[PDB]
Amino acid sequence: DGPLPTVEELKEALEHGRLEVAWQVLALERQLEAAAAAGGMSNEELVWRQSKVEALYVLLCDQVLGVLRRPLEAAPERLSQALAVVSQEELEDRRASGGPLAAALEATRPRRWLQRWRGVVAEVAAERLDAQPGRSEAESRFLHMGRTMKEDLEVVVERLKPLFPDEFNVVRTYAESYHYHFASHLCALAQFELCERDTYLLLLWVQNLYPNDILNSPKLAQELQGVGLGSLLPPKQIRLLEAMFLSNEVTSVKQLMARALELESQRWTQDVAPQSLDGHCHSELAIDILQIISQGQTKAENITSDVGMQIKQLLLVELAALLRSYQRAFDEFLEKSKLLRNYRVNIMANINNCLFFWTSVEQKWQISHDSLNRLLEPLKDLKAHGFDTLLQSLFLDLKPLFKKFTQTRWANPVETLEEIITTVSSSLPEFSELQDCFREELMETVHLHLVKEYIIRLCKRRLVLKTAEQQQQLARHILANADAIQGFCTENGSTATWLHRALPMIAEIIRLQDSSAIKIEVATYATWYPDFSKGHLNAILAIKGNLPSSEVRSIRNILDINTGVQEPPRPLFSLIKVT
């Protein structure tokens, strides 16, 4: 075997790549250091010998790096490792102890070859991350980048991790060399007034795609946990990016909802017949609105959980906004358009929407029920004004045929009432084009109106009965009617159970002839419907013609309808004021 005598030979060996001889190249330098410190040696010779050393050492370098740029060369990469350490520690040798250099020599010795390597790893991490791979130039850049880095670090943990010794940290050096390059190309875009779409794609990337899809979800996963890389953009700048993105998107859905509303507004305006699933659908506004919201919420869920929650609490306010300005536009629709062929039809479509809002917002937001109801307020107002507007026409046709109980001094109830049932049942049809929930919600309204109206008639102090027999006859009448109403309404979709004992129980107060009895049906009747007051008790006893100072007694009951335990009176007598 060797060594190699002439420096010519050695140079020739380096030139043919062979690095057994790398050790000799250092030996020379060491020898020079020797021959110098022997004193006896020309300066004119020192310079010669040193120029030759450092020239050889340049060559050696370019061979080692030449190998390590593309570690797919062979197995004398162990050689290149060995040398990229011999010189690395020789650096430490000639610190300040080998550090005296006789002049004419020119110090060269912190050579820092491992650092050179890092420079190359980094320069290759930047040749590859920068190759030419569209959603955007930016998003295509990020794509190609993330891909390339996942790929390449996968290669390093797969193949370069067993070849490199522990001193170098192959892995840390590679991931960090790529990582920092990524973060550089991002820091570059941060120095810009960027588009909204751009803000979202880079925020997504930093916050979600990078650390999950690349750093964490692969097989790389396990390794880089050790590395502990940071963000791409810096913390403060990321939080700033959030803060502006929110305002972007929140503004997007604000404007978009606004436009949805405007457009449906004109559908009404334009006498568009709504389309019918089973009851009418203008759920156009319903689902189109909730879709705007859901997609915004996804977009801000697709960064952080916290970006998400922030945009939720932030969207509540603009939803409130919309609903409010919706009620207003529907109301204005009511007030003006009316001749329109699909005025009532439209109304029903809109009323229908409330079901979907209730249903979807109860599941989506998970808010307190007073917060829920606080948001949902102007939908009741819309459904209120809705119902009031469709019904209004039948409540009028019904206005005289109730006077006719008073007009005929209750001569024949059942005929008058049958006229009313006819006049109401001739309205059942179109109200079937209305959501089932609201169907029965409206039936309670009609039911209630029939009962209120009846009790308003009996309380009009416009019939006094002289003798028990006709009070019993009147009772039989009332009861007949109460069974007609309760039956028909229940049978047509009302579930207003509370109303059922309204009329029958009054018939009983009319019919009952003995004092105590009347006191007891009064007690019980205040129990069902406790908004029943002395006012009504009077107007009812007015139709009694006997009993004059048992009035005082029967009334001193009602005198304390005061609960204090629970106050849940569904309005019945609240709504019937007679003085």
# chains A, B, ... in the order shown; residues from 1 in each chain; ligands from 1
>>> residues_around(residues="segment 372-385 of chain A", least_positions_apart="3", cutoff="8 Å", atoms="only C-alpha atoms", output="PyMOL selection string")
chain A and resi 316+319-320+323-324+327+330-331+351+354+358+361-362+367-369+388-389
>>> write_last_selection(atoms="C-alpha atoms", output="PDB file, in the first residue's frame")
ATOM      1  CA  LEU A 316     -73.727  35.915  15.650  1.00  0.00           C
ATOM      2  CA  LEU A 319     -76.767  37.100  11.655  1.00  0.00           C
ATOM      3  CA  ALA A 320     -78.724  39.186  14.115  1.00  0.00           C
ATOM      4  CA  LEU A 323     -82.619  38.664  10.493  1.00  0.00           C
ATOM      5  CA  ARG A 324     -83.354  42.210  11.732  1.00  0.00           C
ATOM      6  CA  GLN A 327     -88.028  41.334   9.281  1.00  0.00           C
ATOM      7  CA  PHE A 330     -90.755  41.348   4.845  1.00  0.00           C
ATOM      8  CA  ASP A 331     -92.825  43.862   6.810  1.00  0.00           C
ATOM      9  CA  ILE A 351     -93.177  32.097   7.562  1.00  0.00           C
ATOM     10  CA  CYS A 354     -88.488  30.160  10.700  1.00  0.00           C
ATOM     11  CA  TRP A 358     -84.845  27.532  14.762  1.00  0.00           C
ATOM     12  CA  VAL A 361     -79.232  27.457  14.841  1.00  0.00           C
ATOM     13  CA  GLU A 362     -80.206  25.269  17.825  1.00  0.00           C
ATOM     14  CA  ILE A 367     -76.017  28.961  22.946  1.00  0.00           C
ATOM     15  CA  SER A 368     -78.068  29.709  26.046  1.00  0.00           C
ATOM     16  CA  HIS A 369     -81.796  29.792  25.350  1.00  0.00           C
ATOM     17  CA  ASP A 388    -101.886  38.208  11.402  1.00  0.00           C
ATOM     18  CA  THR A 389    -101.944  39.035   7.708  1.00  0.00           C
TER      19      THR A 389
END
>>> residues_around(residues="residue 108 of chain A", least_positions_apart="3", cutoff="12 Å", atoms="only C-alpha atoms", output="JSON, numbers by chain")
{"A": [29, 33, 50, 51, 53, 54, 57, 58, 87, 90, 91, 94, 95, 98, 99, 100, 101, 104, 105, 111, 112]}
>>> write_last_selection(atoms="N, CA and C atoms", output="compact mmCIF listing (two decimals), in the first residue's frame")
# COMPACT_ATOMS: atom_id res chain seq x y z
N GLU A 29 0.31 19.82 6.08
CA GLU A 29 0.09 21.03 6.85
C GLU A 29 0.75 20.85 8.22
N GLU A 33 3.83 23.02 9.75
CA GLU A 33 3.78 23.66 11.06
C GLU A 33 5.03 23.25 11.82
N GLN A 50 3.49 26.42 1.65
CA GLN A 50 2.15 26.68 2.13
C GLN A 50 1.16 26.89 1.00
N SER A 51 1.55 27.59 -0.05
CA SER A 51 0.69 27.72 -1.21
C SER A 51 0.35 26.35 -1.77
N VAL A 53 0.33 23.45 0.08
CA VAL A 53 -0.63 22.86 1.01
C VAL A 53 -2.03 23.39 0.70
N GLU A 54 -2.24 24.70 0.80
CA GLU A 54 -3.60 25.19 0.71
C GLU A 54 -4.23 24.93 -0.66
N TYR A 57 -5.46 21.49 -0.37
CA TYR A 57 -6.63 21.54 0.52
C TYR A 57 -7.89 22.11 -0.15
N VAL A 58 -7.74 23.09 -1.02
CA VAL A 58 -8.86 23.49 -1.88
C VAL A 58 -9.38 22.31 -2.67
N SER A 87 -10.78 17.32 9.61
CA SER A 87 -10.50 18.73 9.53
C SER A 87 -11.35 19.51 10.53
N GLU A 90 -9.34 19.12 13.84
CA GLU A 90 -8.05 19.76 13.64
C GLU A 90 -8.25 21.25 13.81
N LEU A 91 -9.42 21.75 13.40
CA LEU A 91 -9.79 23.12 13.73
C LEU A 91 -9.60 23.43 15.20
N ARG A 94 -5.48 23.44 16.41
CA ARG A 94 -4.80 24.70 16.20
C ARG A 94 -5.67 25.87 16.66
N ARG A 95 -6.13 25.81 17.91
CA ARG A 95 -6.90 26.91 18.46
C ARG A 95 -5.93 28.05 18.77
N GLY A 98 -1.87 25.52 18.92
CA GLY A 98 -1.30 25.37 17.59
C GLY A 98 -1.51 26.69 16.86
N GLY A 99 -2.20 27.59 17.55
CA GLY A 99 -2.52 28.92 17.06
C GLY A 99 -1.36 29.90 16.83
N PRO A 100 -0.17 29.69 17.46
CA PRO A 100 0.92 30.55 16.99
C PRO A 100 1.36 30.17 15.58
N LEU A 101 1.26 31.11 14.65
CA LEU A 101 1.76 30.92 13.29
C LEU A 101 2.92 31.87 13.08
N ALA A 104 4.64 35.23 7.69
CA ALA A 104 4.79 34.73 6.31
C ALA A 104 3.91 33.51 6.05
N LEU A 105 3.33 32.96 7.11
CA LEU A 105 2.46 31.80 6.96
C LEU A 105 1.00 32.15 6.65
N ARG A 111 -11.18 26.35 9.69
CA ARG A 111 -11.59 26.05 8.31
C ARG A 111 -13.08 25.86 8.24
N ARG A 112 -13.64 25.38 9.35
CA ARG A 112 -15.09 25.20 9.54
C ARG A 112 -15.73 24.46 8.39
>>> residues_around(residues="segment 173-186 of chain A", least_positions_apart="4", cutoff="10 Å", atoms="only C-alpha atoms", output="MDAnalysis selection string")
chainID A and resid 117:126 128:130 138 141:142 145:146 148:150 152:154 156:157 168:169 190:191 202 205:206 210 215 220 223:224 227:234
>>> select_by_dssp(residues="segment 245-439 of chain A", states="strand (DSSP E or B)", output="list in words")
residues 275, 276, 280 and 281 of chain A
>>> write_last_selection(atoms="C-alpha atoms", output="PDB file, in the first residue's frame")
ATOM      1  CA  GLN A 275     -91.839  26.413  -5.360  1.00  0.00           C
ATOM      2  CA  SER A 276     -93.404  23.702  -3.279  1.00  0.00           C
ATOM      3  CA  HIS A 280     -93.937  26.155   0.088  1.00  0.00           C
ATOM      4  CA  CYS A 281     -90.205  26.724  -0.166  1.00  0.00           C
TER       5      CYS A 281
END
>>> residues_around(residues="segment 480-486 of chain A", least_positions_apart="4", cutoff="9 Å", atoms="only C-alpha atoms", output="VMD selection string")
chain A and resid 413 to 414 417 to 418 421 447 450 to 451 475 to 476 490 to 491 494 496 to 497 499 to 504
>>> atom_distance(atom1="atom CA of residue 332 of chain A", atom2="atom CA of residue 357 of chain A")
21.0 Å
>>> atom_distance(atom1="atom CA of residue 459 of chain A", atom2="atom CA of residue 406 of chain A")
10.1 Å
>>> residues_around(residues="residue 408 of chain A", least_positions_apart="6", cutoff="12 Å", atoms="only C-alpha atoms", output="list in words")
residues 401, 402, 414, 415, 416, 457, 462 and 463 of chain A
>>> atom_distance(atom1="atom CA of residue 21 of chain A", atom2="atom CA of residue 52 of chain A")
15.7 Å
>>> residues_around(residues="residue 425 of chain A", least_positions_apart="3", cutoff="10 Å", atoms="only C-alpha atoms", output="PyMOL selection string")
chain A and resi 419-422+428-429+488-489+492
>>> residues_around(residues="segment 570-577 of chain A", least_positions_apart="5", cutoff="7 Å", atoms="only C-alpha atoms", output="list in words")
residues 452, 456, 529, 531 and 532 of chain A
>>> write_last_selection(atoms="N, CA and C atoms", output="PDB file, in the first residue's frame")
ATOM      1  N   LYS A 452    -112.145  33.130  22.365  1.00  0.00           N
ATOM      2  CA  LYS A 452    -112.072  34.480  22.908  1.00  0.00           C
ATOM      3  C   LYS A 452    -113.370  35.129  22.503  1.00  0.00           C
ATOM      4  N   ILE A 456    -116.298  36.889  24.687  1.00  0.00           N
ATOM      5  CA  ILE A 456    -116.509  38.323  24.550  1.00  0.00           C
ATOM      6  C   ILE A 456    -117.989  38.599  24.355  1.00  0.00           C
ATOM      7  N   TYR A 529    -107.010  28.676  33.469  1.00  0.00           N
ATOM      8  CA  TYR A 529    -107.209  30.116  33.135  1.00  0.00           C
ATOM      9  C   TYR A 529    -107.315  30.929  34.399  1.00  0.00           C
ATOM     10  N   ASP A 531    -106.108  34.074  34.463  1.00  0.00           N
ATOM     11  CA  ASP A 531    -106.209  35.468  34.049  1.00  0.00           C
ATOM     12  C   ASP A 531    -107.665  35.908  34.045  1.00  0.00           C
ATOM     13  N   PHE A 532    -108.524  34.994  34.483  1.00  0.00           N
ATOM     14  CA  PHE A 532    -109.939  35.234  34.689  1.00  0.00           C
ATOM     15  C   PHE A 532    -110.108  36.128  35.910  1.00  0.00           C
TER      16      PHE A 532
END
>>> select_by_dssp(residues="segment 96-217 of chain A", states="helix (DSSP H, G or I)", output="ChimeraX atom specification")
/A:113-128,137-163,170-190,196-214
>>> closest_residue(among="A:304, A:297, A:225, A:42", to="residue 242 of chain A", atoms="only C-alpha atoms")
A:304
